[PDB]
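Remarks on the structure that follows.
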Amino acid sequence: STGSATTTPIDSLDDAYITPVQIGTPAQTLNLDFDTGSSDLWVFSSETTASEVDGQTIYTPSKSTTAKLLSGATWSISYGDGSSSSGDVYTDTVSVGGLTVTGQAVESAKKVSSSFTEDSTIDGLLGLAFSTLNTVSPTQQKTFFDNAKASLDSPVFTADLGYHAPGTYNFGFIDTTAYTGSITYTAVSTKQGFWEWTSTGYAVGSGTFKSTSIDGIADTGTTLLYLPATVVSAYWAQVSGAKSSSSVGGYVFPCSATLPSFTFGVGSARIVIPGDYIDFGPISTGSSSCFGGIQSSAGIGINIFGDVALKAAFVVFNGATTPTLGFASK
Numbered sequence: 001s002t003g004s005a006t007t008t009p010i011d012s013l014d015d016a017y018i019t020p021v022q023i024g025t026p027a028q029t030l031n032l033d034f035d036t037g038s039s040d041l042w043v044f045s046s047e048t049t050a051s052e053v054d055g056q057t058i059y060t061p062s063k064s065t066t067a068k069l070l071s072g073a074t075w076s077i078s079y080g081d082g083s084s085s086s087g088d089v090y091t092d093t094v095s096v097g098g099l100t101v102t103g104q105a106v107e108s109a110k111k112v113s114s115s116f117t118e119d120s121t122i123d124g125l126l127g128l129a130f131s132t133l134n135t136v137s138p139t140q141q142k143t144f145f146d147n148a149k150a151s152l153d154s155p156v157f158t159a160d161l162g163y164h165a166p167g168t169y170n171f172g173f174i175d176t177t178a179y180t181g182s183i184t185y186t187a188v189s190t191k192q193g194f195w196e197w198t199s200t201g202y203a204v205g206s207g208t209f210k211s212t213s214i215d216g217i218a219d220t221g222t223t224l225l226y227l228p229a230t231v232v233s234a235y236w237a238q239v240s241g242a243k244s245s246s247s248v249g250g251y252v253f254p255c256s257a258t259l260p261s262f263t264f265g266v267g268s269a270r271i272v273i274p275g276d277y278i279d280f281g282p283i284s285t286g287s288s289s290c291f292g293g294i295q296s297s298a299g300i301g302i303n304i305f306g307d308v309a310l311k312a313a314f315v316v317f318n319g320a321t322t323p324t325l326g327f328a329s330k
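Take the sequence shown: its position 71, counting from 1, is numbered 71 in the authors' numbering, and each next residue is one higher.
Structure representation (structure tokens):
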């Protein structure tokens with residue numbers, strides 16, 4: 001089997017992407033944030049604290065003839081930005097782009113952090129990291145991908161995120177028309193439960209490539225590119241007037257600037273992030289200070305290849321017995 005679904009930015013900055021997902025019988029379509037950095041499929045629901053729901057579409061398990069309470073199961077998750085959610089668990093039929101999993105754990109939120117409440121466009125998250133990170137207790141649950149894997153034509157999914165435009169998540173096949181050149185594959189460590197890999201270096205604009213190993217995770221659920229302070233300083237030093245602002249919470253730059261590109265290495269291959277992808281716009285409405293799309297990972301504890309990086313590539317998440325990650329230009 002295969003599936004193919006379009007993913008759409010939630011706003012004009014590509015702050016996140018939402019993908020429609022069918023849950024239950026009859027189908028209830030919710031728009032979920034597909035998240036290769038976590039492993040829980042959770043939704044706003046009829047059980048979510050009412051004051052914490054603000055425009056989201058909710059899953060109502062009592063209206064699904066295939067929903068079943070997973071008795072005794074609870075979940076609770078915290079993301080690296082401080083966002084969180086928790087609740088109980090149902091199993092139900094879940095379909096993405098024509099690919100159907102029966103008995104999928106659908107984690108119903110009883111509580112969500114304000115950061116989720118305020119995102120009216122995001123009805124929940126669909127985790128695509130390794131199932132070892134799943135937070136359901138006392139019986140850990142499998143991701144949608146893990147459940148689908150054996151039925152898929154090939155045990156892979158691909159992320160093809162757009163810049164200020166829709167893109168595609170495919171399951172079970174590689175669309176050879178969706179990228180240019182060849183796909184370069186690189187090793188993955190699953191020890192921490194993430195799609196963790198090692199970039200071979202970087203370049204700033206038209207500068208020379210610096211060969212250096214940068215361990216990080218491929219995280220579709222993180223907006224920006226978080227890299228070591230040395231790398232990030234080297235980038236922003238090429239933008240007149242750019243500076244790290246403690247009050248704002250990262251690097252800002254004059255909105256009048258033209259940003260240089262940023263290149264990262266994948267083996268001997270190179271992925272180029274155009275400068276425009278690194279512009280996250282005014283820090284507040286009407287400001288001439290703009291927020292940068294490349295930020296320091298210092299104090300996160302891990303480097304994160306988020307959407308800024310991933311949307312410059314066609315990315316293969318290869319879930320074979322020994323997982324790997326593939327990147328192609330597009």
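In this text, a Cβ means the ideal position worked out from N, Cα and C, and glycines have one as well.
Here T186 is bridged, per DSSP, to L325.
Taking 9 Å as the cut-off, the beta carbon of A67 is found no closer than this to the beta carbon of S85. Across the set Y169, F264 and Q238, the C-alpha of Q238 shows the shortest separation from the C-alpha of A257.
In the structure shown, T220 adopts coil according to DSSP, grouped into three states.
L13 and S284 have their C-alpha atoms spaced approximately 13 Å apart. Note on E118: under 16 other CB atoms within 10 angstroms of its CB, so exposed under the neighbour-count rule. For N147, no beta strand (DSSP E) run applies; the uninterrupted alpha helix (DSSP H) run containing it begins and ends at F144 to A148, by DSSP.
The continuous alpha helix (DSSP H) containing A309 extends over residues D307 to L310. Comparing C-alpha distances from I273 to each of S247, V248 and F305 shows the shortest one belongs to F305.
In this structure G37 is in contact with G221, their Cβ atoms being roughly 5 Å apart against a cut-off of 8 Å. When the alpha-carbon of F34 is set against those of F145, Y226 and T91, the nearest one is in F145. Close CB contacts of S46 within its chain, under the 6 Å cut and outside five residues either way in sequence, are with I58 and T60 (chain order).
Rounded to whole angstroms, the gap between the alpha carbons of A129 and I214 is 20 Å. Note on geometry: alpha-carbon atoms of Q192 and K330 lie some 29 Å from one another. A Cβ-Cβ distance of about 15 Å is found for the pair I271 and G293, leaving them out of contact under the 8 Å criterion. When beta bridges are read from the DSSP output, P9 appears opposite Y17.
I18 is the residue among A50, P323, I18 and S151 whose C-alpha sits nearest the C-alpha of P166. The beta carbon of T223 is closer than 6 Å to those of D15, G306 and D307 in its chain, skipping five residues each way along the sequence. For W236, no beta strand (DSSP E) encloses it; the enclosing alpha helix (DSSP H) starts and ends at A229 to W236.
Comparing C-alpha distances from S206 to each of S244, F264, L310 and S296 shows the shortest one belongs to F264.
Under the three-state reduction of DSSP output, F262 falls in the strand class.
With a cutoff of 9 Å on beta-carbon distance, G172 and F157 are scored as near each other.
By DSSP's assignment, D160 forms a beta bridge with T168. Using a 10 angstroms sphere on the CB of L325, the tally of other CB atoms reaches 16 or more, which defines it as buried. Within the region 104-135, complete alpha helix (DSSP H) segments of at least 4 residues are found at 114-117, given in chain order.
In the DSSP assignment, the residues bridged to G3 are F171. The region 123-140 makes contact with the region 69-79, as at least three CB pairs between them are under 8 Å.
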